[PDB]
Amino acid sequence: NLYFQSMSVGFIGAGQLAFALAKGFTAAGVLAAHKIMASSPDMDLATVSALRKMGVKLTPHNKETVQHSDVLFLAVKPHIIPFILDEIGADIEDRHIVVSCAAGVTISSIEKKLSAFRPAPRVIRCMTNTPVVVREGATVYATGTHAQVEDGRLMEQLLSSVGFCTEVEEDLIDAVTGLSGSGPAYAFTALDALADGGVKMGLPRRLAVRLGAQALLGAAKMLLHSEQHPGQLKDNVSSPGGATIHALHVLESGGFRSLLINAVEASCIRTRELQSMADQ
Amino acid sequence: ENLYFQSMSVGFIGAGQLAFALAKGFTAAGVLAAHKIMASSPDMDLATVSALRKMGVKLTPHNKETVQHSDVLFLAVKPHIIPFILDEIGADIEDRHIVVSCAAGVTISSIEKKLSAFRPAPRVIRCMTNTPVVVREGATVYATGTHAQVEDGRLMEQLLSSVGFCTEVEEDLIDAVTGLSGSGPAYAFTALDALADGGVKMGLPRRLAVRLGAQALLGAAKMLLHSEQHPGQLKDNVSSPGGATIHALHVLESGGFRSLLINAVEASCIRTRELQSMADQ
Amino acid sequence: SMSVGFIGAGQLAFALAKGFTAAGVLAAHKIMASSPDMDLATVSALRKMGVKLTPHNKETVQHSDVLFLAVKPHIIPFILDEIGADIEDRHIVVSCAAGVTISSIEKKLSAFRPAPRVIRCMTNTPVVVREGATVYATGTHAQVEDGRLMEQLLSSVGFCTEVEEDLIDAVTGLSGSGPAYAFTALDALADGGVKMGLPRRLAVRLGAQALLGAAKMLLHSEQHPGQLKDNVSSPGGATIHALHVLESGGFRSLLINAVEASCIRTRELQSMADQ
Amino acid sequence: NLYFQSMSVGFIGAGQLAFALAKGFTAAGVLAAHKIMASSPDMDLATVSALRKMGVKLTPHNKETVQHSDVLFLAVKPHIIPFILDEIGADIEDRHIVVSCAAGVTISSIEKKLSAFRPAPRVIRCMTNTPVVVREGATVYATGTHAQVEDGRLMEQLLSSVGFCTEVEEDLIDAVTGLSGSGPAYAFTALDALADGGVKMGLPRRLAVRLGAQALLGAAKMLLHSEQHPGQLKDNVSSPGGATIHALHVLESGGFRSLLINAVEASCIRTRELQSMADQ
Ligand SMILES: O=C1CCc2cc(C(=O)O)c(F)cc2N1
Ligand SMILES: O=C1CCc2cc(C(=O)O)c(F)cc2N1
């Protein structure tokens with residue numbers, strides 16, 4: 001029965017991640033929609049039309065978001081961040097907790113820009129994913145130089161309401177991006193392909209999408225609720241000589257495992273290239 | 001609640017992974033008391049047989065006892081035992097029984113051929129389910145046989161819906177479902193092991209990497225199930241231009257990721273047909 | 001107290017006799033072995049070990065209680081004809097020849113005496129250091145003590161368990177051919193150690209020790225091999241980098257391919273036996 | 001023998017390797033569990049749970065481990081080493097033998113850090129693996145600038161109680177890491193896949209794991225006990241036209257040998273990359 005009575009949340013950016021989090025927070029009951037405000041330079045986005053139905057306050061002016069908010073999410077593209085922080089930097093107060101979800105934007109770069117206006121800005125770096133929209137996100141966060149102990153606990157409380165959330169060291173966020181940030185896209189790709197396979201073997205497309213999604217959801221839930229190794233759970237499904245062990249062999253023959261390792265690695269490395277442009 | 005007060009007796013011929021998964025699921029659902037379940041196995045030293053004991057499921061080495069106890073009888077053995085099994089307990093199948101075959105590839109026609117030699121109208125249902133019934137998130141399909149009453153199919157759907165998704169299909173779809181959701185959880189466990197390796201390669205502790213990858217898959221599956229959206233649209237929606245995610249998608253494409261999962265569904269389906277081509281011939 | 005014979009005096013005959021005598025279960029002089037080409041190195045090796053040697057297969061039969069068939073499979077028919085009239089009630093015939101079915105042996109021997117006691121066994125060369133992997137299947141007329149006796153004899157030179165005969169082709173692909181896969185892998189690992197600067201001899205020793213220690217860890221753990229893999233792979237470390245390059249090559253699938261190919265070939269040989 | 005009467009051993013780090021060595025040492029009889037002390041900054045590790053049950057005295061203060069030890073194993077990740085050498089570098093005494101088991105951490109770098117406190121730190125670099133836990137490890141060590149003759153002898157004796165052990169030049173340690181350090185992980189991968197193959201061909205999983213593990217163990221022991229080349233052993237067991245030579249062909253067709261060469265090389269090269277971060 002969680003609810004933040006004295007918290008006002010702002011989003012700079014009204015893209016997919018801002019909508020997902022606002023929808024998750026409101027569905028979770030931790031935050032009334034009208035105590036949330038978001039700002040975007042494009043008031044004709046599909047997400048902007050959706051936020052208005054929820055009752056989120058919308059404004060085109062970032063300073064308006066900053067002046068309304070206590071917790072301020074930065075959910076914009078990384079190249080705009082230096083211009084955003086210049087724009088609202090003079091408007092950051094002691095009460096503000098700045099939570100950056102911008103891709104590869106480091107705590108150092110945000111604190112350096114904001115400290116030019118006011119010392120000790122309270123900064124938290126967040127890496128979350130879109131399944132927060134169904135309250136099954138995976139979120140990690142790292143606390144900045146000046147964030148109080150209570151700032152991180154508060155952020156963990158809020159982000160726990162929309163999925164898994166834990167604190168990490170900041171130099172793990174690139175790797176988490178490659179795993180759970182990009183993970184949902186890997187799964188959507190897998191689900192489309194599995195459904196194609198279902199259709200090839202004779203299933204209606206709709207049924208094949210449903211079954212494949214249910215299979216993935218159930219397997220993930222099994223693992224989360226098991227203490228056992230994913231290899232052990234795989235062993236339990238694969239009856240000797242059966243259909244499943246035959247299909248696993250053709251996965252192995254294509255290097256299935258290595259493609260997913262490749263993917264995690266490529267997403268993490270790209271995130272570091274973006275962290276470099278942030279720090280350069 | 002309705003099924004519970006039916007006070008249904010359930011039997012499993014076969015006490016393996018799937019029998020344990022379903023027994024665990026049904027009891028967790030509250031639809032069945034563990035001691036109203038009976039399971040038989042030719043081998044009592046299995047680990048699944050021991051977990052079944054601890055649950056309080058009744059265990060016996062005698063298939064006839066499982067049959068006589070049961071109202072709904074699950075057949076959960078390898079496809080090549082089924083003719084031996086139906087020969088053994090075919091005389092004991094009563095008009096009141098619903099026979100539910102889970103044995104992969106085994107056709108309704110083959111079961112009814114054996115059982116029709118004893119009672120004339122055996123009630124047979126063919127089922128294809130998976131191991132996540134154990135956490136009540138299974139994916140189940142079933143096809144009703146020649147003599148299954150309309151109420152038999154509804155009862156089956158109600159029972160299997162308590163542990164996951166369940167819907168009726170025509171029987172000629174079941175081998176393809178086997179390739180998709182029957183074998184699906186194993187594809188996912190393989191993917192999760194690999195994603196965790198990738199997380200560990202890039203600096204995460206194994207424990208956290210397992211947790212994050214599993215949470216990622218779960219939330220993405222839930223997202224798809226709750227949206228009317230095409231999975232490619234969801235993929236589009238989350239891949240920002242120039243971003244880390246689209247870079248990772250490219251390397252998946254470059255290895256033919258999609259084709260491997262199609263290959264897998266196809267190989268599992270074809271294998272199931274090969275096992276049915278020894279059930280029939 | 002028991003007398004053991006070997007029709008055949010090759011790699012598998014020597015490995016078993018060396019294993020048994022090293023184990024203290026059999027005295028070298030209570031073992032006899034027969035061979036045509038009495039000029040194999042393994043023949044001269046059994047000689048130095050104390051095993052009695054004869055060129056006449058019938059003499060081995062007359063000497064033995066338990067009679068191992070360690071010949072190539074194309075020789076089994078020509079052998080069951082030669083000695084089939086010399087099999088007695090007391091004999092346990094243990095076939096180790098590749099893909100030779102219990103059916104084919106009992107059918108040939110039943111033409112001489114009903115109820116021949118036949119056991120089919122699939123073992124491997126590491127019995128020579130008492131770390132073999134053995135499975136056996138009992139025939140139609142094998143008494144209970146026959147299989148119990150077999151398990152006691154073979155357990156002295158490694159792991160041993162009973163299986164249904166229709167699992168033996170798969171076991172061949174796994175533990176029957178497995179030592180060859182490990183020898184190939186050890187040669188390759190040593191090549192990699194030498195490329196990175198190690199002397200060959202140290203590289204062979206280190207690679208073999210690593211494989212021995214890993215195998216023992218798994219046997220002595222209750223844990224899944226993937227779990228042990230997780231335990232050794234430090235985040236960001238050298239091991240997880242090396243596992244990625246194995247995965248990129250389809251390493252796992254090649255070993256699956258191997259077990260499958262060896263099993264399938266064994267089945268092809270069982271076919272020519274069953275005709 | 002007398003090397004071990006009244007010897008105390010300490011571990012800084014309670015990860016996988018400190019448990020493996022502690023379990024192996026106590027099972028060997030060379031040390032008593034109570035005479036072993038370990039320091040971990042997080043009692044949440046699963047290994048820290050087991051170490052306590054062994055009777056190994058645990059503590060969070062690394063300085064306590066240093067005070068209580070004669071032979072000091074450093075079993076942490078390589079990037080904490082500069083932090084840990086700064087923490088207890090003043091507590092290193094002439095009596096200490098400092099044994100580094102941190103990946104890629106060079107003797108030069110440890111001696112550089114500790115030479116700023118007392119002038120002649122006794123340092124040994126060690127490369128062991130996890131099968132020390134069943135006393136079948138493969139260990140090599142390199143002796144540093146100030147290690148006495150008895151120091152190498154004592155290390156050899158200690159590590160010989162849990163497996164193979166020999167002295168190498170330090171510049172072979174990266175190559176050994178790639179071979180016997182990563183080796184057990186190659187074997188676990190191979191065993192999982194060999195079991196998958198046995199399962200595909202009809203075997204129960206449990207029997208397939210047992211049989212594959214027994215085959216590998218027996219083959220390795222066979223090679224250790226023969227004077228013969230691994231290729232000659234391969235020849236001896238491959239009968240003409242038989243099942244084994246058919247299986248070897250499909251291994252060759254996938255470049256099986258080259259993958260394992262690739263693996264040793266990749267692990268060695270990564271160790272060199274870590275060695276460079278130790279000297280930067
Ligand atoms: O309900 C069922 C039937 C038995 C079954 C067998 C396999 C197999 O691997 O052969 C499977 F993948 C899924 C199932 N699920
Ligand atoms: O002694 C030691 C500690 C350093 C080390 C690191 C790895 C790794 O690659 O993660 C390894 F496999 C073995 C060792 N051996």
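The chains referred to below are lettered A, B, ... by the order of the sequence lines, with proteins before strands, and numbering in each begins at 1. Below, all heavy atoms of this structure are taken into account, side chains as well, without hydrogens, waters or symmetry copies.
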Contact between [X] and [Y] at the side-chain level, heavy atoms closer than 4.5 Å - yes or no?
X: B:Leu192; Y: A:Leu260; value: no
X: A:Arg257; Y: A:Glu252; value: yes
X: A:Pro240; Y: A:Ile245; value: no
X: B:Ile82; Y: B:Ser110; value: no
X: B:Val141; Y: A:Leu211; value: yes
X: B:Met156; Y: B:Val100; value: yes
X: B:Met8; Y: B:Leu32; value: yes
X: B:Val265; Y: A:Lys200; value: no

Checking the side chain of [X] only, and the main-chain atoms of [Y] only, is there a donor and an acceptor separated by less than 3.5 Å?
X: B:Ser268; Y: B:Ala264; answer: no
X: B:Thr178; Y: B:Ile174; answer: yes
X: B:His247; Y: A:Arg270; answer: no
X: B:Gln158; Y: B:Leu3; answer: no
X: B:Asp193; Y: B:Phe189; answer: no
X: A:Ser182; Y: A:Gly178; answer: no
X: A:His229; Y: A:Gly231; answer: yes
X: B:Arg126; Y: B:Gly145; answer: no
X: A:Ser253; Y: C:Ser253; answer: no
X: B:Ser9; Y: B:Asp71; answer: no

Exercise. Could you walk me through whether B:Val124 and B:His147 pass the side chain to side chain contact (heavy atoms under 4.5 Å, CB included) check?
Worked result: CA-CA 7 Å; B:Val124 176; B:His147 312 286; over 6 Å; no

Give me the atom names and distance for the closest heavy-atom approach of [X] to [Y].
X: A:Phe25; Y: A:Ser161; value: CD2-OG, 3.9 Å
X: B:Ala220; Y: A:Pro184; value: CB-CA, 3.7 Å
X: B:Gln215; Y: A:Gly137; value: CG-O, 3.3 Å
X: B:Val77; Y: B:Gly14; value: CG1-CA, 3.8 Å
X: A:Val134; Y: B:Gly219; value: CG2-O, 4.0 Å
X: B:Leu180; Y: A:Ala208; value: CD2-O, 3.4 Å

With rounding to the nearest 0.5 Å, note down the distance linking [atom1] in [X] to [atom2] in [Y].
X: A:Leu194; Y: B:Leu260; atom1: CG; atom2: CG; value: 11.0 Å
X: A:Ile261; Y: A:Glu265; atom1: CD1; atom2: CD; value: 9.0 Å
X: B:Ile81; Y: B:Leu75; atom1: CD1; atom2: CG; value: 12.0 Å
X: B:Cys102; Y: B:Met128; atom1: SG; atom2: CE; value: 7.5 Å
X: A:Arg52; Y: A:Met54; atom1: CZ; atom2: CE; value: 13.0 Å

Exercise. Do we see a donor-acceptor contact under 3.5 Å between the side chains of B:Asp280 and B:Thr107?
Worked result: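 On atom types as modelled, these side chains qualify, holding a pair under 3.5 Å.
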
Exercise. Between A:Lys23 and A:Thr26, is any side-chain donor less than 3.5 angstrom from a side-chain acceptor?
Worked result: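 Side-chain D/A pair, A:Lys23 to A:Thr26: present.
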
For this session: From the options A:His225, A:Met222, A:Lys221, select the one residue that forms a side chain to side chain contact (heavy atoms under 4.5 Å, CB included) with B:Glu137.
Result: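 When side chain to side chain contact (heavy atoms under 4.5 Å, CB included) is applied between B:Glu137 and each of A:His225, A:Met222, A:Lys221, only A:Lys221 qualifies.
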
